[PDB]
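In what follows, a single structure is set out as structure tokens and then discussed.
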Protein chains: 2
Amino acid sequence: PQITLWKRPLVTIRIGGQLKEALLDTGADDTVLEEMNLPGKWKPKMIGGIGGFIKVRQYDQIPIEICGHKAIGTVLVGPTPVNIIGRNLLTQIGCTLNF
Amino acid sequence: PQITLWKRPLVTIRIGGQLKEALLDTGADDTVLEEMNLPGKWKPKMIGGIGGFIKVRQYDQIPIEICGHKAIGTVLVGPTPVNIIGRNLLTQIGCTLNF
Ligand SMILES: CCC(CC)CN(C[C@@H](O)[C@H](Cc1ccccc1)NC(=O)O[C@H]1CO[C@H]2OCC[C@H]21)S(=O)(=O)c1ccc(N)cc1
């Protein structure tokens, strides 16, 4: 599909039994999801943006479905105000910028 | 162009005769540039990112050429970690997401 940018590029994602709305975010290196108690091993990380840093948990090889497209990879989890699909998964679903 | 996302979508912009590198950021509502001088009136504003809120200077109707495409719109100047082109100007240059 083609998503214009007149509004925030929010799409439906699924991670296990949770459907969520998330931004398709070319400015994010890695996917960051709102706090959720995912199973499995993780490592602490701090990620930085406007306003400073937040602490997140890095989970690897997590399957996520994004608008019906399958992805699997690193998912950061922490107190972000918005769910963010970053470049690590945008490439897996075939997403490009075009102008 | 078509821009894939295996690397950061950094592009050269021209603003006030100056060449800068900026990140095409679909998860940003607004265009935010690192500290720089711009002419004319500005308004104090605050904006929030992943790590909290910052103070910025809001300049309206500023021309920026983004990868050869002309925009004229609002530019916020302040302590962003990197220069970002947000949706306010991505829409003007006809940028969409495609997958
Ligand atoms: C270092 C480059 C940017 C910050 C500049 C990185 N951000 C993604 C960005 O798209 C963010 C994503 C974002 C969206 C909404 C809330 C927080 C973050 N947007 C953002 O800060 O936009 C601000 C400018 O316009 C405004 O509209 C949205 C917030 C304002 S981020 O959220 O801080 C971020 C950093 C690291 C990872 N892995 C994932 C995300």
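So you can find residues: chains in the structure tokens are A, B, ... in the order shown, residues in each start at 1, and ligands are numbered from 1 in order.
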From a DSSP pass on the backbone, collect the residues of chain B flagged as helix (DSSP H, G or I) and hand them back as a ChimeraX atom specification.
/B:87-90
Polymer residues at most 10 Å from range 14-27 of chain A, only C-alpha atoms, same-chain spacing of 3 or more positions, as a PyMOL selection string
(chain A and resi 3+8-11+30-34+36+38+62-68+70+82-91+95-97) or (chain B and resi 4-5+7-10+23-28+82+84-86+97)
Expected answer as a ChimeraX atom specification: strand (DSSP E) residues in chain A
/A:2-3,10-15,18-24,31-33,43-49,52-66,69-77,83-85,96-98
Name the closest residue to chain A among the candidates B:56, B:71, B:50, B:77; distances are taken between atoms, counting only C-alpha atoms.
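Selected residue with least distance to chain A: B:50.
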Could you do a least-squares fit of chain B on chain A over every C-alpha atom, in sequence order, and give the output as a short mmCIF file (atom, residue, chain, number, x, y, z; two decimals) with C-alpha atoms, in the first residue's frame?
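Output contents, as saved in part_11.cif:
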data_model
loop_
_atom_site.label_atom_id
_atom_site.label_comp_id
_atom_site.auth_asym_id
_atom_site.auth_seq_id
_atom_site.Cartn_x
_atom_site.Cartn_y
_atom_site.Cartn_z
CA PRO B 1 -0.08 -0.42 0.58
CA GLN B 2 0.80 3.17 -0.30
CA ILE B 3 0.43 5.42 2.75
CA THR B 4 0.23 9.19 2.43
CA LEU B 5 1.31 11.50 5.24
CA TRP B 6 -1.47 14.03 5.77
CA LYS B 7 -2.31 11.90 8.86
CA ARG B 8 -0.01 9.94 11.19
CA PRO B 9 0.87 6.58 9.57
CA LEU B 10 -0.65 4.50 12.35
CA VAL B 11 -1.24 0.82 11.64
CA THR B 12 -2.46 -2.23 13.52
CA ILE B 13 0.21 -4.69 14.59
CA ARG B 14 -0.18 -8.18 16.03
CA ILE B 15 2.37 -9.12 18.68
CA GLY B 16 1.88 -12.06 21.08
CA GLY B 17 -1.77 -12.42 20.03
CA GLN B 18 -2.42 -8.80 20.94
CA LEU B 19 -3.55 -6.07 18.56
CA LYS B 20 -1.89 -2.69 19.08
CA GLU B 21 -1.68 0.53 17.10
CA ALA B 22 1.83 1.66 16.15
CA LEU B 23 3.39 4.50 14.23
CA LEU B 24 5.50 3.75 11.17
CA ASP B 25 8.52 5.86 12.03
CA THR B 26 11.26 6.27 9.43
CA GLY B 27 13.21 8.50 11.83
CA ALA B 28 13.52 5.67 14.36
CA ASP B 29 16.44 3.22 14.01
CA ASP B 30 14.66 0.95 16.47
CA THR B 31 11.21 -0.42 17.21
CA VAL B 32 10.03 0.76 20.65
CA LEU B 33 6.76 -0.31 22.28
CA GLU B 34 5.07 1.03 25.40
CA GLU B 35 5.17 -1.08 28.56
CA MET B 36 3.88 -4.58 27.95
CA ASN B 37 4.80 -8.14 28.88
CA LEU B 38 6.75 -10.29 26.41
CA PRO B 39 8.08 -13.76 27.10
CA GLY B 40 11.70 -14.86 27.21
CA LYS B 41 15.03 -13.33 28.05
CA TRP B 42 15.60 -9.61 27.73
CA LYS B 43 18.60 -7.32 28.14
CA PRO B 44 18.65 -3.89 29.83
CA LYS B 45 19.48 -1.20 27.25
CA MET B 46 19.40 2.57 26.97
CA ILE B 47 18.33 4.60 23.94
CA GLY B 48 18.20 8.32 23.17
CA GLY B 49 15.46 10.33 21.50
CA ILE B 50 14.75 13.99 21.01
CA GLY B 51 14.31 14.63 24.73
CA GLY B 52 17.10 12.52 26.19
CA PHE B 53 17.73 8.94 27.21
CA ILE B 54 15.48 6.20 28.56
CA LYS B 55 15.91 2.68 29.86
CA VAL B 56 14.31 -0.09 27.82
CA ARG B 57 14.11 -3.89 27.86
CA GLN B 58 15.53 -5.38 24.65
CA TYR B 59 13.79 -8.52 23.33
CA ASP B 60 15.36 -10.24 20.32
CA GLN B 61 13.71 -12.28 17.55
CA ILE B 62 10.12 -11.28 18.35
CA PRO B 63 7.51 -11.86 15.63
CA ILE B 64 5.30 -8.88 14.74
CA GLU B 65 2.77 -8.75 11.93
CA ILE B 66 2.62 -5.18 10.69
CA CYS B 67 -0.36 -4.33 8.54
CA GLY B 68 -0.38 -7.99 7.38
CA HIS B 69 3.38 -8.23 6.74
CA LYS B 70 5.56 -10.50 8.87
CA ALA B 71 8.72 -9.38 10.63
CA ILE B 72 10.86 -11.08 13.27
CA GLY B 73 13.34 -8.89 15.08
CA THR B 74 14.37 -6.74 17.98
CA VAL B 75 11.69 -4.99 20.04
CA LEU B 76 12.52 -2.49 22.75
CA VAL B 77 9.96 -2.01 25.51
CA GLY B 78 9.89 1.14 27.61
CA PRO B 79 8.58 4.66 28.10
CA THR B 80 8.15 5.78 24.50
CA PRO B 81 5.32 8.35 24.01
CA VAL B 82 3.75 6.06 21.38
CA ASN B 83 4.39 2.60 19.93
CA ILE B 84 6.80 3.04 17.01
CA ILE B 85 7.92 0.71 14.25
CA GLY B 86 11.50 1.64 13.34
CA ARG B 87 13.75 0.86 10.44
CA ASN B 88 14.89 -2.50 11.82
CA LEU B 89 11.40 -3.85 11.07
CA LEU B 90 10.37 -1.45 8.27
CA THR B 91 13.17 -2.94 6.18
CA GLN B 92 11.89 -6.46 6.83
CA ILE B 93 8.43 -5.61 5.50
CA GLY B 94 9.91 -3.94 2.40
CA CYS B 95 8.94 -0.39 3.32
CA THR B 96 10.46 2.47 1.32
CA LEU B 97 9.95 6.22 1.05
CA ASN B 98 8.87 7.50 -2.36
CA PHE B 99 8.41 10.93 -3.86
#
